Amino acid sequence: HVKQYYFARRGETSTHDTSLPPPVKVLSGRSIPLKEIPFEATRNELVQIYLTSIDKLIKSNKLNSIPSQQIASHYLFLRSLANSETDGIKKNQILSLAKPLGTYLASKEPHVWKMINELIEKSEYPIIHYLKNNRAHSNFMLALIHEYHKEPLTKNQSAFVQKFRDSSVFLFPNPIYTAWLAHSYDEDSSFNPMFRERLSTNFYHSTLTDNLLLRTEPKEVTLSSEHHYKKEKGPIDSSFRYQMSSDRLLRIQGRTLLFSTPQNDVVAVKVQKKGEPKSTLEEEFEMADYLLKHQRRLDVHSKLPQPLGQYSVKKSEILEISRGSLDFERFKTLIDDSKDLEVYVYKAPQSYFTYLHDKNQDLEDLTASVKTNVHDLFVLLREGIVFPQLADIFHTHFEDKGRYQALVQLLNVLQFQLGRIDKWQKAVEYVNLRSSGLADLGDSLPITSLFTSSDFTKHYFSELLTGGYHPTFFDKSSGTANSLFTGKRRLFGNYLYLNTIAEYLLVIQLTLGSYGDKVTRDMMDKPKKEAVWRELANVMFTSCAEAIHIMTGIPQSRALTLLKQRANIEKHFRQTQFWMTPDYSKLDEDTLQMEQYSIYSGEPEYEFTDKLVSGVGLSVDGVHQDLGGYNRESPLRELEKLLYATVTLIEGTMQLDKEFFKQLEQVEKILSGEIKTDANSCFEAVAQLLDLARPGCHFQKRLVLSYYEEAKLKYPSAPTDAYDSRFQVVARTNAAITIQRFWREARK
């Protein structure tokens, strides 16, 4: 064989908060300390307050006065919480409170009591199946605290409620939240983190990801002694010098001179820029070589460049060769001013010098190419390698030009949507994603640089590493600025990780958009244009699913299905097609309003006070199109939903699998005898495993069924009325799958 595996192992650590800027903000040269509002302690204080308030509800005989769907929510929530509680005294306090609600529903609203008991015989956390629709938007837990708790909330409690007022889900303990979140993406789920309040509409996708991430442990990645970023290498050997002939010079691309060969591939001489240190060229050599050597190990699909040397060449010689060609002057300005320039020499197919947005590719080859690029980016991410400058994407608030943050809401204080992209098509003009696969491989970072205060994190994400300041955060009593945000210092690496996943897919989206605009600009055929933009939507959705597959192991077909529960592909195609072409620049206000209604289908239309440039659209500079107005959000609402959907499925699932194995470990200990316990709480621990399995995944359920049998052998003397229906459903499916595999072989 050639062994397939990664040179990185992922674990956990105490905190990411090491060697970080002090948590302080300076205002009028006064130093204001930033304090973290603990997420878990505060969540729990509010569930205690919720339980007291139920207690007060009961004592008022006012059950009669709250609607039924709420009483269900309260009952089901209290059963689920009781099931999550290992302390018997608390478990018992919780069911005392449930029982009067149960007495009532049975007696006075019994179609509803019948709906409840169905969910109870499927699950130990039946609330998560109850909240798979519009019911999630009704905050039954905050509503009741508001009615029955007659004290001001604390500062901490108030801050928590401000941030997660959208759903009661945010108050759930870890295993119930994680399981709700994952099952929210399922085929029988119609939940959407969107709700209309008054005439206003509230989008809260980002908040699902923050609520989730604040529960996680600080991750840690260990690179092998053999990793590219670890193994000590010697100097590069350069025993060969390429003899440059102007006769074989195909053209000049950027600072790279391209020469033909007898073999119909290309020799590139990449020439040193002004202010570029020798080492930048060295690292591109060293990373091309590493990837060539480990290509088989990693299943790298790219057609890699082959390194040939790294050495110094006379400028007179570089000038004497280039002199004739077009671009000679631009190349002359681009390259360092020195008599001796460093070059990096390599060989590559022609397809390497083709940018992934090139309008000469037809859709089949573009798709094949995108798939290669996407594959290698996430496979390399698993290996510990990050590429932070695939494209030059920037934001601008008014002038501050800043690096684009794909999950901006998670990484700063009170920013609500993705910002306008400046000169968007230019940002990918020179993207390092090529027709062949990846390029510009030296411009790369060890994944560890995202989990520490590297020069990079301190530079691009210092709000996230420092803490949150805003005037509403300031206590006068403690003299501090308190926030949930300052708590991210401990988990900052987990945030940059997910950001990186969204950012790759953002570059792919911009590249696809550039290709679409270039291909459809001269098309005469309005249905044929629409076709291209529908297919670019399919490639984008598919890429997001490939990323799920590679990071989690969820089959791509299931991942694509999970995405489409949350992100709408009709809307994405409509929005991309409208805002990434200049055609809207010609519409009058009434036509523009009519077109906007179609691409957002009942959601609020994009609002802007900017004046459109004829033949361009939204454009600050009068010439290049932007995505968004001056100081406004990106209009690609669905893209935002899709990037958040993707990144929530990956983390959602890692974190679900963690909850599973913690339960498994508990079931194995009971089963073996390493924890003595009664029958009924063995059955309970097993039923719980069912809930923590990935949605749409059979093989977990099968293992639990096996655990179940094992348990019934151990405690045969004990009824199984509460658990038989769910296990029988798992058993019927396990049996049906074998019959299906049998029939498939027969057809052959």
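When you see a residue number, it is the position in the sequence shown, counting from 1.
**Q** Taking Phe398 and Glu399 as adjacent modelled residues, how many residues of the deposited sequence between them have no coordinates (none, 1 to 3, 4 to 9, 10 or more)?
**A** The entry leaves 4 to 9 residues without coordinates here.
**Q** Please compare 714-722 with 695-703 and name the stretch with the higher mean C-alpha B-factor in the deposited structure.
**A** Higher of the two, by average CA B-factor, is 714-722.
**Q** Tell me which stretch, 563-571 or 195-203, has the higher mean Cα B-factor listed in the entry.
**A** Taking the mean B-factor of the alpha carbons in each, 195-203 is higher.
**Q** Choose from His146, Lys303, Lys339, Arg420 the residue with the greatest Cα B-factor as stated in the PDB record.
**A** Out of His146, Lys303, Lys339, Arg420, the record gives the largest C-alpha B-factor to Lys339.
**Q** Highest CA temperature factor in the entry: which of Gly102, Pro307, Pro126, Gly468?
**A** Of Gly102, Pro307, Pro126, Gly468, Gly102 has the highest C-alpha B-factor.
**Q** For the chain shown, is the CA B-factor of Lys35 in the lowest, middle or highest third of its modelled residues?
**A** Its C-alpha B-factor, which the entry lists for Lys35, ranks in the middle third among residues of this chain.
**Q** Sort the modelled residues of this chain by their C-alpha B factor and say whether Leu250 lands in the lowest, middle or highest third.
**A** CA B-factor rank for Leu250: highest third.
**Q** Comparing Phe608 with the other modelled residues of its chain, is its CA B-factor in the lowest, middle or highest third?
**A** Its C-alpha B-factor, which the entry lists for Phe608, ranks in the middle third among residues of this chain.
**Q** Of the three thirds of its chain by CA temperature factor, lowest, middle or highest, which one includes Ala98?
**A** CA B-factor rank for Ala98: highest third.
**Q** Please place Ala368 in the lowest, middle or highest third of its chain by C-alpha B factor as given in the entry.
**A** Lowest third of the chain for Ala368's C-alpha B-factor.
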